[PDB]
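Here's the structure, in structure tokens; my notes come after.
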Amino acid sequence: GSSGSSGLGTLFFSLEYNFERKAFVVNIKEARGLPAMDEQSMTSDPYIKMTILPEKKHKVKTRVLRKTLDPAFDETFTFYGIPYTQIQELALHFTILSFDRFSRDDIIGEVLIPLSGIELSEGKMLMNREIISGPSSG
């Protein structure tokens with residue numbers, strides 16, 4: 001058992017659709033307030049995992065920073081085939097894990113952003129999400 005543990009920073013990102021080429025673009029900004037994992041210099045190499053839900057096909061992840069509770073990947077992935085109209089049936093699953101050799105899977109938190117309703121038509125929009133202990137009563 002346990003009780004007491006603050007952290008789970010935030011996750012910044014901006015969705016974008018290559019309307020020109022009718023394509024999807026999921027840019028992953030940076031994450032602030034990342035809880036340290038390594039017990040060396042009070043730091044870690046966290047990384048946000050990208051996934052196009054539900055499909056979950058197009059699987060991509062953002063570069064794995066090196067020692068930084070506030071890494072900035074500001075990555076971007078393109079995708080073609082999306083009829084756009086399906087965007088409302090998509091969802092970017094941002095998993096805030098923590099990599100540190102020895103194959104370590106420490107999901108700091110789980111983030112989800114259902115494009116179901118979102119309007120990218122206008123253009124690119126900035127969005128943020130809070131990192132908590134899974135989507136369980138919150």
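Identifiers in the structure tokens: chain A, B, ... in order shown; residue index from 1 per chain; ligand index from 1 in order shown.
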Can you pull out the residues contacting segment 67-82 of chain A? Cut-off 9 Å, using only C-alpha atoms, and skip same-chain residues under 5 positions away; I want them as JSON, numbers by chain. {"A": [9, 13, 17, 18, 21, 22, 23, 24, 25, 26, 27, 28, 29, 30, 31, 32, 33, 34, 35, 36, 38, 41, 42, 43, 44, 45, 46, 47, 48, 58, 60, 61, 62, 87]}
Would you list the contacts of segment 105-120 of chain A as an MDAnalysis selection string, taking every protein, DNA or RNA residue within 8 Å and counting only C-alpha atoms, but skipping same-chain residues closer than 2 positions in sequence? chainID A and resid 8 15:17 35 87:99 103 122:125 129:135
Selected residues written out, N, CA and C atoms, as an mmCIF file, in the first residue's frame:
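Wrote it out as out_1.cif, contents follow:
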```cif
data_model
loop_
_atom_site.group_PDB
_atom_site.id
_atom_site.type_symbol
_atom_site.label_atom_id
_atom_site.label_comp_id
_atom_site.auth_asym_id
_atom_site.auth_seq_id
_atom_site.Cartn_x
_atom_site.Cartn_y
_atom_site.Cartn_z
ATOM 1 N N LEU A 8 3.471 14.106 -11.701
ATOM 2 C CA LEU A 8 2.711 13.992 -12.935
ATOM 3 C C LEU A 8 2.493 15.386 -13.524
ATOM 4 N N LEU A 15 -2.415 19.627 -32.402
ATOM 5 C CA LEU A 15 -2.852 18.788 -33.505
ATOM 6 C C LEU A 15 -2.827 19.603 -34.800
ATOM 7 N N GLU A 16 -2.629 18.896 -35.903
ATOM 8 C CA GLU A 16 -2.582 19.539 -37.205
ATOM 9 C C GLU A 16 -2.880 18.522 -38.310
ATOM 10 N N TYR A 17 -3.623 18.981 -39.307
ATOM 11 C CA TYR A 17 -3.984 18.126 -40.424
ATOM 12 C C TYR A 17 -3.509 18.726 -41.749
ATOM 13 N N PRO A 35 8.194 13.770 -13.174
ATOM 14 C CA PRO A 35 8.765 13.201 -11.965
ATOM 15 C C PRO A 35 10.027 12.395 -12.283
ATOM 16 N N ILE A 87 -11.245 11.521 -38.318
ATOM 17 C CA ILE A 87 -10.510 12.203 -37.268
ATOM 18 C C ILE A 87 -11.365 12.251 -36.000
ATOM 19 N N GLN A 88 -12.656 12.471 -36.204
ATOM 20 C CA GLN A 88 -13.587 12.541 -35.091
ATOM 21 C C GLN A 88 -13.704 11.176 -34.409
ATOM 22 N N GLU A 89 -13.111 10.178 -35.049
ATOM 23 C CA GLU A 89 -13.141 8.827 -34.518
ATOM 24 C C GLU A 89 -11.736 8.389 -34.099
ATOM 25 N N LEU A 90 -10.842 9.366 -34.031
ATOM 26 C CA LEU A 90 -9.468 9.097 -33.646
ATOM 27 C C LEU A 90 -9.229 9.613 -32.226
ATOM 28 N N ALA A 91 -8.010 9.405 -31.752
ATOM 29 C CA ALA A 91 -7.641 9.843 -30.416
ATOM 30 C C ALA A 91 -6.141 9.631 -30.209
ATOM 31 N N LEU A 92 -5.482 10.689 -29.760
ATOM 32 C CA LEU A 92 -4.051 10.633 -29.519
ATOM 33 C C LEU A 92 -3.799 10.206 -28.071
ATOM 34 N N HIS A 93 -3.222 9.022 -27.928
ATOM 35 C CA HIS A 93 -2.923 8.488 -26.610
ATOM 36 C C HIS A 93 -1.472 8.809 -26.244
ATOM 37 N N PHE A 94 -1.320 9.771 -25.347
ATOM 38 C CA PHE A 94 0.003 10.180 -24.905
ATOM 39 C C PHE A 94 0.376 9.497 -23.588
ATOM 40 N N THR A 95 1.302 8.556 -23.688
ATOM 41 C CA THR A 95 1.756 7.823 -22.517
ATOM 42 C C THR A 95 3.073 8.404 -22.001
ATOM 43 N N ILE A 96 3.022 8.906 -20.776
ATOM 44 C CA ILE A 96 4.198 9.492 -20.157
ATOM 45 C C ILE A 96 4.963 8.407 -19.397
ATOM 46 N N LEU A 97 5.856 7.743 -20.117
ATOM 47 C CA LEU A 97 6.656 6.683 -19.525
ATOM 48 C C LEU A 97 8.010 7.252 -19.097
ATOM 49 N N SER A 98 8.936 6.346 -18.823
ATOM 50 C CA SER A 98 10.269 6.741 -18.404
ATOM 51 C C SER A 98 11.281 5.657 -18.783
ATOM 52 N N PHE A 99 12.119 5.990 -19.754
ATOM 53 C CA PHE A 99 13.133 5.057 -20.219
ATOM 54 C C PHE A 99 14.477 5.328 -19.539
ATOM 55 N N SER A 103 15.757 -1.787 -19.840
ATOM 56 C CA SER A 103 14.354 -1.916 -20.196
ATOM 57 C C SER A 103 13.477 -1.659 -18.969
ATOM 58 N N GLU A 122 -10.273 24.713 -39.013
ATOM 59 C CA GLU A 122 -9.772 26.071 -38.882
ATOM 60 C C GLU A 122 -8.263 26.107 -39.128
ATOM 61 N N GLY A 123 -7.568 25.175 -38.492
ATOM 62 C CA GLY A 123 -6.125 25.088 -38.634
ATOM 63 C C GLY A 123 -5.506 24.309 -37.473
ATOM 64 N N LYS A 124 -4.351 24.785 -37.031
ATOM 65 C CA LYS A 124 -3.649 24.144 -35.932
ATOM 66 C C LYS A 124 -4.095 24.775 -34.611
ATOM 67 N N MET A 125 -4.238 23.924 -33.605
ATOM 68 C CA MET A 125 -4.658 24.383 -32.292
ATOM 69 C C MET A 125 -3.793 23.762 -31.193
ATOM 70 N N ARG A 129 -2.807 18.571 -21.540
ATOM 71 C CA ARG A 129 -3.457 17.510 -20.790
ATOM 72 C C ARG A 129 -2.735 17.277 -19.462
ATOM 73 N N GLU A 130 -3.524 16.979 -18.441
ATOM 74 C CA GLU A 130 -2.975 16.732 -17.118
ATOM 75 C C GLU A 130 -2.600 15.256 -16.966
ATOM 76 N N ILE A 131 -1.478 15.029 -16.298
ATOM 77 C CA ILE A 131 -0.999 13.676 -16.078
ATOM 78 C C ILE A 131 -1.392 13.224 -14.669
ATOM 79 N N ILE A 132 -2.143 12.134 -14.620
ATOM 80 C CA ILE A 132 -2.590 11.590 -13.349
ATOM 81 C C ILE A 132 -2.372 10.076 -13.342
ATOM 82 N N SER A 133 -2.886 9.441 -12.298
ATOM 83 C CA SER A 133 -2.755 8.001 -12.159
ATOM 84 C C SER A 133 -3.891 7.298 -12.905
ATOM 85 N N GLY A 134 -3.725 7.199 -14.215
ATOM 86 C CA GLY A 134 -4.724 6.555 -15.050
ATOM 87 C C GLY A 134 -6.075 7.266 -14.936
ATOM 88 N N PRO A 135 -6.912 7.083 -15.992
ATOM 89 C CA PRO A 135 -8.227 7.699 -16.020
ATOM 90 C C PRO A 135 -9.194 6.970 -15.085
#
```
Going by DSSP on the backbone, which residues of chain A come out as strand (DSSP E or B)? List them as number ranges by chain. A: 10-18, 23-32, 38, 43, 45-53, 59-61, 72-80, 91-99, 109-114, 125-130
One-decimal distance in Å that lies between atom CA of residue 11 of chain A and atom CA of residue 128 of chain A: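 Separation between atom CA of residue 128 of chain A and atom CA of residue 11 of chain A: 5.6 Å.
Closest to residue 37 of chain A among A:86, A:7, A:2, A:136 is A:7, based on only C-alpha atoms.
Distances to residue 83 of chain A were evaluated for A:39, A:19, A:49, A:3 using only C-alpha atoms, and the minimum falls at A:19.
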